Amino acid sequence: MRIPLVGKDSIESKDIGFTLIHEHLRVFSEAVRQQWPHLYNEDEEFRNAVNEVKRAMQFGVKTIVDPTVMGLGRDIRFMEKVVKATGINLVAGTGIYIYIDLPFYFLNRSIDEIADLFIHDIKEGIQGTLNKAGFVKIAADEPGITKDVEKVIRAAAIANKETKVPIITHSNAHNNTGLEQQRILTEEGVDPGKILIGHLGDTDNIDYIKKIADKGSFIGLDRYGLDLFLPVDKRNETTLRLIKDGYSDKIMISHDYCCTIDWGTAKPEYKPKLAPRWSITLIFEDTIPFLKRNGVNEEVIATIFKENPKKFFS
């Protein structure tokens, strides 16, 4: 049935349960890990991913969706190991994560060649395995929609038309990259309701966030805990106002938490400064209680974390 799971038989979308739509078990740069393996510890990385997932399950999370793709160090065999040790429903994805240019391989290669790579992961399997991709992940940031960023977007559209898997995105909340990701995809024939425009929760500008929701796509209020982008209390208030204005239809919430990440911006000793409370269960400790005592019905919590993910994969 039409949702593939890492190390498990597939399930129907109605069986997804409580879902976290955007969480990384591990992130690394493929090129630097390949060249300098001494910078990494797989024992620590497995210990962290298992600990976080187990705690996620304790709070009632049934399914985690992980958009670690090319550029972010996707590893399906690490993901199987985490599944076997926890029992979680894990949805793996395909795609390319870039800000400016594609890797040299892609020099003079068509959009169709790029789409064939995604369709491979969806139909055949990931990294010589039999685990399939459940979605396509794309990215854009400060540099905007560059020539290569766009090729990858249109390639994601071809994958969706051909397989009916949904599309998750990375955008900079301060550009209109999300508005442009949505525009290109829908022009290519992708159903707006099959798109999650990510990182809209990094901004207060509710006029911009509603513009994407008004066009039919889900909105990623998905970086809860990352105070360097936007503090938790401004996020909570943006979330509350959107619900009050009648947008729980399109709202999806997550942490974008990485149990381990190799970026120089990450580490401990920056966590107290930049993201003090950032973990995989923060919405349970803060966001959900906050909303409950500010007039938000239990029905709304069900829409955001159950009905919206189910629809997204339907």
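Residue positions are given as counts along the sequence shown, with the first one as 1.
- For the pair 238-246 and 82-90, the mean B factor over Cα atoms is greater in 82-90.
- Across the two stretches, 288-296 and 7-15, the PDB entry reports the greater mean Cα temperature factor for 7-15.
- Looking only at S29, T260, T68, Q35, the residue with the top Cα B factor in the deposited structure is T260.
- Within the group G73, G95, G125, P103, the record's highest C-alpha temperature factor is found at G125.
- Among the modelled residues of its chain, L230 has a C-alpha B-factor that falls in the middle third according to the deposited record.
- Annotation for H120: C-alpha temperature factor in the middle third relative to the rest of the modelled chain, per the entry.
- The deposited CA B-factor of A133 belongs to the middle third of values across its chain.
- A56: CA B factor lies in the highest third for its chain, per the PDB record.
- For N108, the recorded CA temperature factor ranks within the highest third of the chain's modelled residues.
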